[PDB]
Structure formats: C-alpha cells, structure tokens
Amino acid sequence: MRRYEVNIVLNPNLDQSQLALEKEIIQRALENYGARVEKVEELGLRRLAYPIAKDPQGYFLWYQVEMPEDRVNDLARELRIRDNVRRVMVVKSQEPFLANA
Amino acid sequence: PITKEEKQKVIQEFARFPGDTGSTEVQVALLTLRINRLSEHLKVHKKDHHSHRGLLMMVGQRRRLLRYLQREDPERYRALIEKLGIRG
Amino acid sequence: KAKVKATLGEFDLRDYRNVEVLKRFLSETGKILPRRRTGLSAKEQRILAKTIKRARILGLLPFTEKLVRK
Amino acid sequence: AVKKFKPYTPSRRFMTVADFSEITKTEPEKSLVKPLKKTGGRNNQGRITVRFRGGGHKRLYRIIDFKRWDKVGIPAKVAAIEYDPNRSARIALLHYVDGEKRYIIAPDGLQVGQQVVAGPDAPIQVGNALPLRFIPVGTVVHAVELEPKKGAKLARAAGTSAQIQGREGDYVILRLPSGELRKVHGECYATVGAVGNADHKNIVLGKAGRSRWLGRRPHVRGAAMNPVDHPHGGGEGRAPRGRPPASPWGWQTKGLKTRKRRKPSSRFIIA
Amino acid sequence: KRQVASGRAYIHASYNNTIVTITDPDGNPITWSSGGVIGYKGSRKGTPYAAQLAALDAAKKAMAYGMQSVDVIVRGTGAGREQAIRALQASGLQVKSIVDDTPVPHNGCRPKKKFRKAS
RNA sequence: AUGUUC
RNA sequence: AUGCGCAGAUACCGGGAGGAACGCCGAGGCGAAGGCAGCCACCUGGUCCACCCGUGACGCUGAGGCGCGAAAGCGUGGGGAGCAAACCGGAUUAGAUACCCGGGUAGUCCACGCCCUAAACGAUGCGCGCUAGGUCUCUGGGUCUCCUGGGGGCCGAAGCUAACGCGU
Ligand SMILES: [Mg+2]
Ligand SMILES: [Mg+2]
Ligand SMILES: [Mg+2]
Ligand SMILES: [Mg+2]
Ligand SMILES: [Mg+2]
Ligand SMILES: [Mg+2]
Ligand SMILES: [Mg+2]
Ligand SMILES: [Mg+2]
Ligand SMILES: [Mg+2]
Ligand SMILES: [Mg+2]
Ligand SMILES: [Mg+2]
C-alpha cells in the first residue's frame with residue numbers, strides 16, 4: 001500500500017457518452033486492482049506541447065490513489081489497453097520539495 | 001522491502017528483554033530475515049550479482065555473530081539456530 | 001538575463017504539471033537550461049530535470065522546439 | 001528449444017528433435033475434422049513425376065480452415081494446440097460458440113483459452129482474421145488470401161508471416177516471406193500474427209533414416225549417373241560438369257529464371 | 001502550373017553541397033535547386049557562392065508558381081547556410097521568418113567512423 | 001590529402 | 001571516382017516498420033572492481049548522517065577455496081536500424097595487401113551458457129592510529145555571518161622522495 005498519482009490522457013474528441021464510458025472503465029479498473037481513490041482532478045482538455053496520436057490536444061486526468069504496490073504495473077497495463085487511452089504515467093506520490101519560503 | 005511493522009515483529013520475537021534491539025540474537029534474526037528475503041529475490045533475478053555481494057556480506061556477518069555466540073554462551077547459540085532454522 | 005529561480009515565489013519542483021512554471025526552465029529550443037541560467041543548486045537542478053522529463057512524456061512540455069531567426 | 005542428445009550412438013550425436021511443449025495440450029487428433037484419409041503416392045497416373053518421394057509414415061490429413069470468412073463474427077475459443085504431421089506449422093483446434101469445430105494453423109503466441117474471431121470488425125489481435133483492408137498497416141499477418149475468397153495461400157509455414165507495407169486503392173502491399181513486395185486485394189482475408197513453431201527450421205535431422213521417415217528417398221547426383229540418364233552422367237573416374245550445370249531434363253539449373261514471361265500477375269509483384 | 005503565394009523554403013546545407021527545396025504550405029515541393037543544378041561540380045558546390053546561386057535559382061523558379069512569401073527553414077551546419085539565407089531575403093521573395101530545424105539525435109545511431117573521433 | 005631512405 | 005539517380009534519386013511532406021542509443025539537464029554522482037546515463041513501476045544491494053537507544057572486543061587481515069570480472073572471442077537460439085574486422089569496389093602510391101571514398105559479412109543488440117584477459121591504472125593491497133592549513137565541490141547534521149560528519153578535487157606545514165613528485 002502506497003500513494004500513487006495516476007495520470008491519464010484521453011482522446012480530446014470524445015462526447016460525454018464516449019468519455020464517461022472510458023472514465024467508468026478506468027474507475028472499474030482502479031477498483032478492480034484494489035485502488036482506493038483519494039483525490040481526483042479532471043483538468044480535461046489541454047494543448048499538448050507536441051502532437052500525440054496525431055492530435056494537438058489531450059484530455060487530462062489525475063487520480064491520487066492508495067493501492068498495493070505489487071499491482072501497480074498490472075493496472076497501468078490494463079488502463080493502457082483501451083484505444084482512447086493514449087498515455088498513462090503512474091508515479092509514486094512524493095512529498096513536495098520547494099524552492100523559496 | 002521489510003516493513004517497519006514486520007521488522008519489529010521479529011525483534012520482539014527475539015529480544016532477550018523488551019527494549020533489546022541490538023544483541024546477538026536480534027541481530028542474527030534481523031539478518032536472517034534479510035538473507036531469506038534476498039535469497040528469494042536472487043532466485044527470480046539470478047543476474048543481479050551486485051545485490052548478491054550484499055548477501056555474501058550478511059551471510060558472513062551472521063556467520064561471525066553466531067561464532068561469537070557459540071563461543072560465549074553455547075546453549076543459546078543452539079536455542080537460536082533451532083528457533084531460526086539455520087546452520088544447515 | 002536574471003536567474004530563473006530569481007523570478008518566482010515558493011514553488012514545488014516535484015510538480016510535473018505546473019507547466020506554467022516549468023516551461024520557464026526550458027530555453028527557446030525546449031532544452032533544459034543549465035544552472036548558470038536556472039540558478040538552482042545542484043540538488044534542485046536534478047529534481048527539476050526529473051520532473052521536466054516526466055512532464056515531457058505527459059505531453060505538457062517539448063523535448064525540442066525550434067530556434068527562430070538564425 | 002530443440003531437444004539435443006548425448007552421443008550414445010553416432011547419428012544421435014547430431015539429431016535434434018522438436019520441443020513439443022507448445023503442443024502436448026492435445027495428442028490425438030480430432031476424430032471429426034481430422035481424419036480424411038490422405039492419399040499417399042509419390043507420382044501421378046502411373047509415373048514418378050517428382051523424384052525421390054515415398055515411404056515414410058502414415059498420416060491422417062487434418063482438414064484445416066483456410067477461408068475464415070465462412071464464420072464472420074462467431075467467436076471461437078482455442079481448445080488445443082496439436083501436432084500436424086502434414087505441415088511445418090502446428091494447428092489450433094477452435095471450439096466455436098456455435099458448437100462447430102475447426103483447425104486454424106496455430107499462430108505464434110496463441111494460447112489455449114484465448115478467444116478468436118473472424119471478420120471486418122475483429123480486434124487486431126493474434127489469430128483473428130480480417131480483410132486486409134481493415135488491418136492497420138504494418139500489422140504482421142499470416143495465412144493470407146491472394147485473391148478475395150480463394151482461400152489462404154501466403155505465409156503458412158512454421159515461423160513465416162507477411163507485413164502490410166501500405167494501402168493503395170482496393171489493394172494493399174505485403175512484404176511476403178520471400179521478401180517479394182506484392183499487391184494483394186484489400187478484400188483478401190489474412191489472420192493477424194506470425195505462424196510460429198519458428199524453431200522448425202533449426203532441427204538437425206541427424207541421420208539418413210529420418211529423411212526416410214519423412215518420405216524423402218535418396219537423391220542421386222547427376223554426376224554419378226551414366227549419360228543416358230543425365231547431363232552430368234559419365235566421364236571416366238569422377239568428372240567436372242563440363243557443361244553449364246543442368247537438370248536431368250536438360251534445362252540449366254544455376255540461375256536460369258523460370259517464372260513465365262508474360263504472366264498477368266506481374267503487374268502486381270515487386271521483389 | 002499550380003499557384004501558391006506563400007510557402008516554405010527549405011535549406012539543406014551539408015559540407016559537400018547546398019540544396020534548397022521550396023514548397024507549398026503543406027510542404028509539398030514546388031521547386032528545388034542546388035550547387036550542382038547551377039553549373040557547379042564537386043567541391044565548389046559546397047561553396048557559399050553556389051548556395052547563393054542555388055537559393056535565387058530556386059527562388060526564381062517559384063515566381064512561375066506565383067510564389068511571393070516563404071518561411072525559411074534551415075537544416076545544416078555548412079558553408080552555404082548563411083549565404084543561401086542572405087540570397088533569399090534580398091531575392092524578390094519575402095522571408096516571412098527564419099527557422100533552424102537541424103535534425104539532431106537525442107544520442108542515437110553510431111556515427112560513421114569519420115564523425116566519431118569522439119570520446 | 002599522400003610522399004621512402006642514408 | 002566508385003556508388004545512387006529519368007524503372008524519377010537527392011531535398012520536402014504524409015503513412016508505417018524495425019533496431020540501437022538516450023540530446024539538453026551534465027560537472028558532478030554510485031559501485032569492491034569491472035563498470036553504471038531517457039522516463040515509469042516492482043524487486044534489491046552498498047552507503048552517509050542524527051539520537052547516543054541496544055549487544056559488549058563480537059575485531060584486522062587473509063595462503064587456498066567460492067563468486068564478480070571491460071572489449072574482443074566461443075556455443076545454441078533470437079534480433080539486425082546504424083556502425084563495421086574480413087571482404088568487394090574507387091582513389092592515393094614506386095608499390096598501398098594501409099591511411100581517404102562507395103559498399104559489406106561476422107560482430108556490435110537480446111537470452112541462456114562459456115571464455116577470465118587488459119595501460120582490469122591512482123601503473124599506489126587492506127585495516128587502524130598519529131602529524132599545519134588554505135581553497136572549490138557533492139551529500140547529511142547543526143541557537144546556522146561559522147561549526148560538525150561523510151565523499152570528490154586543486155595548492156601546500158612538517159616529513160618523505162633518485163628525481164619527478166606525494167603530502168589528513
Ligand atoms: Mg545427354
Ligand atoms: Mg559430364
Ligand atoms: Mg580424372
Ligand atoms: Mg549506550
Ligand atoms: Mg568477461
Ligand atoms: Mg562482448
Ligand atoms: Mg554469438
Ligand atoms: Mg571464429
Ligand atoms: Mg569504408
Ligand atoms: Mg600489475
Ligand atoms: Mg600536493
């Protein structure tokens with residue numbers, strides 16, 4: 001059990017019929033691998049700094065979670081499987097480290 | 001990794017007296033944990049010869065500790081080796 | 001010009017999503033700037049590069065953009 | 001892998017036998033689809049027309065499924081991988097959810113338990129078959145039709161495959177096992193993946209039998225015959241060719257090209 | 001034949017030659033030139049004068065397509081890079097903007113031995 | 001660019 | 001010049017494949033050595049500091065032994081973009097079995113198994129104590145303008161050294 005931030009980037013061009021599908025697939029997957037979502041943040045549609053899946057934009061999600069560490073890779077394997085899921089970065093959550101006081 | 005809870009379970013179990021955290025028994029049990037844990041990793045990862053050096057160290061450290069115990073008090077050397085399942 | 005550090009208040013250099021801030025450590029060619037320009041410590045500069053890259057992968061910042069006017 | 005032996009005999013010093021790990025799964029064949037009688041016979045109505053064939057083990061033909069479009073959209077689960085003495089590949093027994101059973105040739109990677117399906121809306125994952133046109137270019141693909149609906153003819157031997165290089169009209173371009181670049185109709189079916197049991201080409205036969213076990217009778221050189229028999233026949237003790245080297249029948253056999261000149265199918269090849 | 005007011009002018013300046021291809025705004029070559037399309041042969045193609053000549057000859061050929069303005073994109077270290085840009089600015093053609101877009105491995109293929117006195 | 005010997 | 005190129009190359013753009021290596025950050029850092037460089041996750045070893053909490057000399061070294069050991073190389077498989085011994089071509093030359101150019105096979109990559117070498121170098125065995133300081137630097141701790149520990153450099157007391165130089 002440790003805190004991870006699960007970043008996800010979706011096809012910008014979805015409608016909320018299509019999006020909620022994905023968003024629910026991710027929810028069902030999270031829960032499936034024993035991930036208890038804490039925070040969550042639909043920053044949504046962003047202009048990427050380079051094209052991704054030929055697309056100038058990505059729809060962005062962020063899920064802070066606590067899960068068993070030994071299942072984290074397998075979850076990222078699953079989250080990626082879907083087509084409209086175009087990036088997945090899972091990152092052990094870290095203390096912030098500041099410059100300036 | 002060994003958790004803070006897991007390591008303390010071993011220490012209680014082997015401490016000659018509460019608040020005993022060093023001591024040849026606790027040390028040698030603490031090492032055994034590491035050694036078994038690490039032997040298991042090497043099992044899967046035969047090619048990690050760097051972590052293996054550390055194993056060699058721990059094995060030799062425990063060997064040394066146990067030699068000291070066998071020399072000062074031989075009964076609790078035996079009592080321990082039994083309790084821990086080693087020198088075989 | 002100035003040092004980039006000397007330009008911003010209390011900021012977290014683990015935050016690979018503050019692209020608003022990070023792009024500022026990145027030169028007009030997308031290159032991670034050296035310490036003589038970021039004016040970071042050695043340690044800070046490494047935390048930074050790490051998160052800059054994490055961000056580049058996420059799509060937020062460039063690995064490379066192009067030099068304008070020769 | 002390939003099973004090696006210690007030199008307890010001569011011969012055995014060199015034999016290597018296929019690794020049958022991928023198979024065991026099922027070791028007799030499927031009574032229903034399997035047996036056709038397969039008519040052995042090294043030559044035609046009377047005459048040897050292909051030399052040096054014969055003997056060698058009895059075999060049942062296993063009818064396999066080379067047109068997959070019969071069964072668009074019916075999933076099938078992979079029951080078994082089994083040995084097929086009639087081909088380098090191994091084959092996959094599919095239980096369709098219909099009931100129906102078939103044999104596809106077993107692609108590399110196909111796992112017993114997987115599901116598989118044919119058709120234009122089929123997932124691009126191993127062992128599904130699709131019209132080429134619905135398959136992402138660069139996907140590598142085995143058991144491919146050359147003309148729509150005429151059955152799979154390309155890339156069926158152990159470990160072979162083709163890769164889609166591009167689309168161009170109703171045609172795609174495949175790189176074939178041979179390295180030929182061909183245009184193959186987009187409606188032509190193909191199944192995603194490579195053929196596998198790719199270790200096949202490495203088995204060292206090891207002994208003169210064994211060839212014999214596979215129906216391959218001794219090949220006698222032309223040299224070594226007399227001139228009635230062959231262009232290299234004759235000469236007093238051991239002799240070089242003395243002619244540009246030739247078949248019995250007399251064509252040359254080093255470099256002389258034989259694909260028919262004016263063949264319509266040339267418009268569509270390139271390697 | 002075709003008609004494009006604005007487009008791109010690519011400058012590819014190696015050490016051995018300078019070659020300019022001018023393109024419509026989707027990047028499709030409208031015309032090109034080089035040290036060797038101009039009279040030059042061998043080592044003189046990599047000369048800066050050739051680059052000048054190439055760039056104008058290339059500029060000129062695109063009047064015929066009704067080219068007016070180009071974005072310039074440079075790729076290369078190499079003698080001709082500089083002059084071929086100068087040639088274009090004052091050429092009739094208007095340089096909207098200059099860009100160095102020189103391809104550069106993010107440490108990638110092993111170079112030929114001659115580019116690898118390298119440590 | 002090369003360019004040996006006593 | 002070989003070579004590629006009107007069977008349309010070069011330069012430009014779109015689609016795709018595939019392999020190898022990770023630009024900037026980047027000088028320092030880690031490891032016993034060899035050596036280790038994108039990012040992420042899991043597994044895992046060494047190491048530093050602080051509290052001064054536990055054990056109580058349990059220590060140093062280490063003939064043999066065991067394991068690790070760059071590159072090339074070997075075996076079985078895989079993989080193969082770029083590079084490239086050998087090799088083929090073009091030049092250069094008195095010759096050119098070289099240097100320069102165009103190609104090119106092993107190999108360079110991966111798995112497993114070998115090989116066990118090297119200017120494997122700091123050409124400096126390991127451990128401990130003791131003998132001015134100055135300065136730059138990595139990384140901990142600090143009633144933080146300096147102190148205190150662990151590393152990495154340069155200059156130097158005393159001293160050593162054939163000399164060069166070495167010098168907490
Ligand atoms: Mg005859
Ligand atoms: Mg003859
Ligand atoms: Mg004779
Ligand atoms: Mg005490
Ligand atoms: Mg070695
Ligand atoms: Mg090697
Ligand atoms: Mg090899
Ligand atoms: Mg050899
Ligand atoms: Mg060469
Ligand atoms: Mg020596
Ligand atoms: Mg000194």
# chains A, B, ... in the order shown; residues from 1 in each chain; ligands from 1
$ interface_residues --of "chain D" --to "chain G" --cutoff "9 Å" --atoms "only C-alpha atoms (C1' of nucleotides)" --output "ChimeraX atom specification"
/D:1,137-139,163-166,199
$ residues_near_ligand --ligand "ligand 9" --cutoff "8 Å" --atoms "only C-alpha atoms (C1' of nucleotides) and all ligand atoms" --output "list in words"
residues 101, 102 and 103 of chain G
$ write_last_selection --atoms "C-alpha atoms (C1' of nucleotides)" --output "PDB file, in the first residue's frame"
ATOM      1  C1'   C G 101      35.832   7.320 -50.715  1.00  0.00           C
ATOM      2  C1'   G G 102      31.458   3.892 -52.006  1.00  0.00           C
ATOM      3  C1'   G G 103      29.589  -0.916 -50.352  1.00  0.00           C
TER       4        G G 103
END
$ residues_around --residues "residue 43 (chain A)" --least-positions-apart "6" --cutoff "10 Å" --atoms "only C-alpha atoms (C1' of nucleotides)" --output "ChimeraX atom specification"
/A:59-62
$ write_last_selection --atoms "C-alpha atoms" --output "JSON list (two decimals), in the first residue's frame"
[["chain", "number", "residue", "atom", "x", "y", "z"],
["A", 59, "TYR", "CA", -7.83, 15.34, -22.34],
["A", 60, "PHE", "CA", -6.12, 15.05, -18.96],
["A", 61, "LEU", "CA", -6.99, 13.17, -15.77],
["A", 62, "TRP", "CA", -5.15, 12.70, -12.50]]
$ closest_atom_pairs --of "chain G" --to "chain A" --cutoff "12 Å" --atoms "only C-alpha atoms (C1' of nucleotides)" --output "CSV"
residue,atom,partner,partner_atom,distance
G:14,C1',A:54,CA,11.6
G:15,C1',A:54,CA,11.7
G:39,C1',A:89,CA,9.2
G:40,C1',A:89,CA,6.4
G:41,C1',A:73,CA,5.6
G:42,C1',A:70,CA,6.1
G:43,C1',A:70,CA,9.6
$ write_last_selection --atoms "N, CA, C and O atoms (P, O5', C5', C4', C3', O3' and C1' of nucleotides)" --output "PDB file, in the first residue's frame"
ATOM      1  P     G G  14       5.047  15.390 -42.202  1.00  0.00           P
ATOM      2  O5'   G G  14       4.053  14.425 -42.977  1.00  0.00           O
ATOM      3  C5'   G G  14       2.655  14.665 -42.832  1.00  0.00           C
ATOM      4  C4'   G G  14       1.875  13.608 -43.547  1.00  0.00           C
ATOM      5  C3'   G G  14       1.942  12.239 -42.906  1.00  0.00           C
ATOM      6  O3'   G G  14       1.159  12.100 -41.736  1.00  0.00           O
ATOM      7  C1'   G G  14       2.290  12.015 -45.198  1.00  0.00           C
ATOM      8  P     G G  15       1.723  11.199 -40.543  1.00  0.00           P
ATOM      9  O5'   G G  15       1.589   9.747 -41.177  1.00  0.00           O
ATOM     10  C5'   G G  15       0.305   9.360 -41.692  1.00  0.00           C
ATOM     11  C4'   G G  15       0.325   7.950 -42.229  1.00  0.00           C
ATOM     12  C3'   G G  15       1.017   6.912 -41.366  1.00  0.00           C
ATOM     13  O3'   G G  15       0.234   6.435 -40.282  1.00  0.00           O
ATOM     14  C1'   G G  15       1.732   6.675 -43.587  1.00  0.00           C
ATOM     15  P     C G  39      15.863   9.661 -16.487  1.00  0.00           P
ATOM     16  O5'   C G  39      14.278   9.529 -16.408  1.00  0.00           O
ATOM     17  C5'   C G  39      13.402  10.597 -16.802  1.00  0.00           C
ATOM     18  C4'   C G  39      11.998  10.068 -16.986  1.00  0.00           C
ATOM     19  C3'   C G  39      11.532   9.067 -15.945  1.00  0.00           C
ATOM     20  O3'   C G  39      11.107   9.722 -14.765  1.00  0.00           O
ATOM     21  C1'   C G  39      11.040   8.229 -18.091  1.00  0.00           C
ATOM     22  P     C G  40      11.137   8.933 -13.384  1.00  0.00           P
ATOM     23  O5'   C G  40       9.963   7.872 -13.554  1.00  0.00           O
ATOM     24  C5'   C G  40       8.624   8.286 -13.847  1.00  0.00           C
ATOM     25  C4'   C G  40       7.743   7.077 -13.993  1.00  0.00           C
ATOM     26  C3'   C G  40       7.917   6.012 -12.925  1.00  0.00           C
ATOM     27  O3'   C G  40       7.281   6.309 -11.694  1.00  0.00           O
ATOM     28  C1'   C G  40       7.838   4.982 -15.048  1.00  0.00           C
ATOM     29  P     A G  41       7.882   5.736 -10.305  1.00  0.00           P
ATOM     30  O5'   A G  41       7.363   4.238 -10.260  1.00  0.00           O
ATOM     31  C5'   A G  41       5.953   3.965 -10.192  1.00  0.00           C
ATOM     32  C4'   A G  41       5.719   2.488 -10.361  1.00  0.00           C
ATOM     33  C3'   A G  41       6.553   1.628  -9.427  1.00  0.00           C
ATOM     34  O3'   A G  41       5.958   1.529  -8.162  1.00  0.00           O
ATOM     35  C1'   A G  41       6.768   0.812 -11.617  1.00  0.00           C
ATOM     36  P     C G  42       6.881   1.286  -6.889  1.00  0.00           P
ATOM     37  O5'   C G  42       7.146  -0.286  -6.947  1.00  0.00           O
ATOM     38  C5'   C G  42       6.058  -1.214  -7.051  1.00  0.00           C
ATOM     39  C4'   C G  42       6.556  -2.605  -7.363  1.00  0.00           C
ATOM     40  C3'   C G  42       7.744  -3.090  -6.558  1.00  0.00           C
ATOM     41  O3'   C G  42       7.275  -3.548  -5.308  1.00  0.00           O
ATOM     42  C1'   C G  42       8.129  -3.566  -8.826  1.00  0.00           C
ATOM     43  P     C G  43       8.284  -3.694  -4.100  1.00  0.00           P
ATOM     44  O5'   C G  43       9.388  -4.669  -4.693  1.00  0.00           O
ATOM     45  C5'   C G  43       9.275  -6.096  -4.552  1.00  0.00           C
ATOM     46  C4'   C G  43      10.494  -6.764  -5.138  1.00  0.00           C
ATOM     47  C3'   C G  43      11.779  -6.582  -4.357  1.00  0.00           C
ATOM     48  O3'   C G  43      11.881  -7.328  -3.163  1.00  0.00           O
ATOM     49  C1'   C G  43      12.239  -6.257  -6.625  1.00  0.00           C
TER      50        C G  43
END
$ residues_near_ligand --ligand "ligand 8" --cutoff "10 Å" --atoms "only C-alpha atoms (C1' of nucleotides) and all ligand atoms" --output "PyMOL selection string"
chain G and resi 73-74+106
$ decode --residues "region 6-24 of chain B" --atoms "N, CA and C atoms" --output "short mmCIF file (atom, residue, chain, number, x, y, z; two decimals), in the first residue's frame"
data_model
loop_
_atom_site.label_atom_id
_atom_site.label_comp_id
_atom_site.auth_asym_id
_atom_site.auth_seq_id
_atom_site.Cartn_x
_atom_site.Cartn_y
_atom_site.Cartn_z
N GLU B 6 6.97 -5.35 10.28
CA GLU B 6 7.50 -6.73 10.05
C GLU B 6 8.80 -6.97 10.79
N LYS B 7 9.63 -5.94 10.76
CA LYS B 7 10.93 -5.95 11.39
C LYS B 7 10.78 -5.93 12.92
N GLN B 8 9.78 -5.20 13.41
CA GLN B 8 9.52 -5.15 14.84
C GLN B 8 8.92 -6.44 15.29
N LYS B 9 8.21 -7.15 14.43
CA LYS B 9 7.64 -8.42 14.85
C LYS B 9 8.78 -9.39 15.15
N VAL B 10 9.86 -9.29 14.36
CA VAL B 10 11.00 -10.19 14.52
C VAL B 10 11.76 -9.82 15.79
N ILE B 11 11.92 -8.52 16.02
CA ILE B 11 12.69 -8.04 17.16
C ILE B 11 12.06 -8.44 18.48
N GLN B 12 10.78 -8.13 18.68
CA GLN B 12 10.03 -8.65 19.85
C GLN B 12 10.29 -10.16 20.00
N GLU B 13 9.98 -10.90 18.95
CA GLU B 13 10.11 -12.34 19.00
C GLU B 13 11.49 -12.81 19.46
N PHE B 14 12.55 -12.02 19.25
CA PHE B 14 13.94 -12.47 19.55
C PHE B 14 14.70 -11.72 20.64
N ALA B 15 14.12 -10.62 21.10
CA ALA B 15 14.74 -9.79 22.12
C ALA B 15 14.83 -10.55 23.43
N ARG B 16 16.04 -10.63 24.01
CA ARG B 16 16.23 -11.20 25.35
C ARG B 16 15.41 -10.46 26.42
N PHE B 17 15.10 -9.19 26.17
CA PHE B 17 14.28 -8.38 27.07
C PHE B 17 13.68 -7.20 26.33
N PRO B 18 12.43 -6.83 26.64
CA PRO B 18 11.88 -5.66 25.93
C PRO B 18 12.89 -4.50 25.90
N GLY B 19 12.91 -3.74 24.81
CA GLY B 19 13.90 -2.67 24.59
C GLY B 19 15.28 -3.16 24.14
N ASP B 20 15.41 -4.47 23.96
CA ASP B 20 16.59 -5.08 23.36
C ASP B 20 16.49 -5.04 21.82
N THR B 21 17.35 -4.25 21.18
CA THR B 21 17.27 -4.03 19.73
C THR B 21 18.58 -4.40 19.01
N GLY B 22 19.70 -4.27 19.72
CA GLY B 22 20.98 -4.86 19.30
C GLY B 22 20.94 -6.28 19.83
N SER B 23 22.09 -6.84 20.16
CA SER B 23 22.15 -8.17 20.79
C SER B 23 22.17 -9.25 19.77
N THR B 24 23.08 -10.16 20.03
CA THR B 24 23.50 -11.13 19.07
C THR B 24 22.31 -11.89 18.51
#
